[PDB]
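Structure first, commentary second.
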Amino acid sequence: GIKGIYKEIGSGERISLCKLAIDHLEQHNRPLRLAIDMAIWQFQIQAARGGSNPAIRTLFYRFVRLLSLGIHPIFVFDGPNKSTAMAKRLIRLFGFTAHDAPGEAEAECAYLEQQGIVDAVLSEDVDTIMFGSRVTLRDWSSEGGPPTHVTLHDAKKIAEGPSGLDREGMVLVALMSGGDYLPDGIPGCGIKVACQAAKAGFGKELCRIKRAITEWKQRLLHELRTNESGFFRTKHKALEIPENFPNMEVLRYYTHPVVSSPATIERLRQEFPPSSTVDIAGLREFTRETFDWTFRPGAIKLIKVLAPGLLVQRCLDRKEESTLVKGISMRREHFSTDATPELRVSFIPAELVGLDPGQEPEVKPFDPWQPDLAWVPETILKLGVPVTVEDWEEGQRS
DNA sequence: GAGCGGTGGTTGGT
DNA sequence: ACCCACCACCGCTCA
Ligand SMILES: [Mg+2]
Ligand SMILES: [Mg+2]
């Protein structure tokens with residue numbers, strides 16, 4: 001669901017997540033806020049093999065990636081109207097927000113975006129659009145290397161594009177063609193004639209009706225058996241429309257989905273994005289117990305992986321400049337960021353992270369005390385370490 | 001969830 | 001009777 005939708009609305013725009021984050025940071029002078037439907041993990045994550053808890057090792061690595069993009073994420077969990085404990089623990093340890101939707105997470109993500117709690121939705125598909133989403137993203141994946149890209153769909157362009165499908169058009173598409181996950185849906189009716197029904201206006205109409213409907217179903221089911229207005233390709237005098245159609249309860253579930261109370265939205269308005277302050281000692285205990293990153297090798301490995309992320313996180317909360325960045329050596333506009341300008345920065349991983357390997361039993365190599373290098377987006381560096389970027393730019397004009 | 005070929009059915013037209 | 005294009009649906013396969 002909805003099967004074959006992308007043939008209608010398009011497959012969407014592939015775009016560097018770093019480009020979305022940095023464009024938004026430049027346009028709105030604050031980091032991108034993302035609602036992430038926690039259901040997107042189940043498929044991608046079950047492929048990591050080896051070690052201890054690989055499904056949530058890779059969740060760990062995606063959280064470090066979100067640290068370095070400078071994205072403020074709210075992770076949304078499904079509720080009962082229609083391991084998560086480690087995960088909610090790991091969310092907290094990274095200073096991210098966990099939110100339990102009352103019902104479907106997709107409906108709640110979309111609601112958080114139209115209330116302004118978040119700027120975009122990352123979900124598994126475009127169901128979010130029937131639920132009111134405007135900017136919806138899916139398929140955070142390589143473009144087979146690191147996951148750098150998402151597929152962007154825009155409700156404003158879709159609705160005025162070739163399909164013409166808007167929220168009520170789609171919604172009629174799922175009422176007519178969704179016979180396999182919604183009751184009282186027209187057998188033998190698929191995406192093609194549901195979509196030319198939507199285009200003929202029957203979705204705007206049904207949606208603007210008090211849950212009367214009889215002067216619509218008869219009007220529709222006659223336009224189908226005869227095609228008098230030529231609203232479709234062929235006649236359909238054999239589509240048996242069930243008497244309990246349109247199931248308006250199924251309509252209510254899309255038009256008025258079960259979302260958080262008004263008071264909960266106001267709570268989120270004051271509390272998200274909440275304070276980050278990555279729990280360094282908490283992540284050290286977590287990785288020791290869950291990944292078996294034991295003793296000094298496991299402390300040194302946490303440092304290598306976490307250090308570039310804290311650099312970014314600390315640059316967005318922000319003389320004291322030298323404490324995060326020792327130098328800049330180059331610039332690039334690499335295609336993996338859709339040409340976001342990045343600066344090559346030096347830093348001391350163990351100095352930046354705050355843990356000490358020698359307080360752990362010792363059991364070519366990587367020294368957390370020597371300088372490491374990372375590519376960081378130039379506009380994040382102008383915010384956090386501004387006079388270092390001047391001197392490099394003055395050095396460059398020399 | 002999403003893509004793909006097979007397939008069995010409907011429509012409209014030989 | 002039969003062809004044909006279109007389509008919905010299904011099993012399969014990557015998840
Ligand atoms: Mg969904
Ligand atoms: Mg869905």
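Both backbone and side-chain heavy atoms feed into the values below; hydrogens, waters and symmetry mates do not. Below, read A as the first sequence line, B as the second, and so on, with proteins coming before strands; counting in each chain starts at 1.
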Take atom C1' in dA15(C) and the same atom in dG11(C), then report the distance between them in whole Å.
-> 16 Å
Would you mind telling me which of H149(A), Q44(A), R14(A) makes a side chain to side chain donor-acceptor pair (under 3.5 Å) with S141(A)?
-> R14(A)
The nucleotide from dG1(B), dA8(C), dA2(B) with an atom nearest the side chain of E124(A) is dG1(B)
Specify the separation, in whole Å, of atom CZ of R138(A) and atom P of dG3(B).
-> 7 Å
Is there a donor in the side chain of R269(A) and an acceptor in the side chain of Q115(A), or the other way round, less than 3.5 Å apart?
-> yes
Atom NE2 of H236(A) to atom P of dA8(C): distance rounded to whole Å?
-> 8 Å
Distance-only polar pair, side chains of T128(A) and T136(A), donor-acceptor under 3.5 Å = yes
Measure from the side-chain heavy atoms of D125(A) and tell me the nearest of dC6(C), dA2(B), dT11(B).
-> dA2(B)
Quick one: stems for DNA chain B, with Watson-Crick or G-U pairs under 3.5 Å, at least three in a row?
-> B:1-10 with C:5-14
Separation of atom CZ in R233(A) from atom P in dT10(B), rounded to whole Å = 13 Å
How about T234(A) and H236(A): does a side-chain donor come under 3.5 Å of a side-chain acceptor?
-> yes
Okay, side chain of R296(A), backbone of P357(A): is any donor-acceptor separation there less than 3.5 Å?
-> yes
Whole-Å gap separating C1' (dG1(B)) and CD1 (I45(A)) | 15 Å
Looking only at side chains, do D292(A) and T294(A) share a donor and an acceptor under 3.5 Å apart?
-> no
What is the distance, rounded to the nearest whole Å, between atom CD1 of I186(A) and atom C1' of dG9(B)?
-> 17 Å
Could you state the atom-to-atom distance from CH2 of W41(A) to P of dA15(C) in whole Å?
-> 17 Å
Testing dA8(C), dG12(B), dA2(B) for proximity to the side chain of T234(A), the answer is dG12(B)
For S260(A) and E108(A), does a side-chain donor sit closer than 3.5 Å to a side-chain acceptor?
-> yes
Measure the distance from CD1 on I2(A) to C1' on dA8(C) and round it to the nearest whole Å.
-> 15 Å
Under 4.0 angstrom between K7(A) side-chain N/O and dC4(B) OP1 or OP2 | yes
Figure out the CG/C1' separation between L224(A) and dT10(B), and round it to whole Å.
-> 14 Å
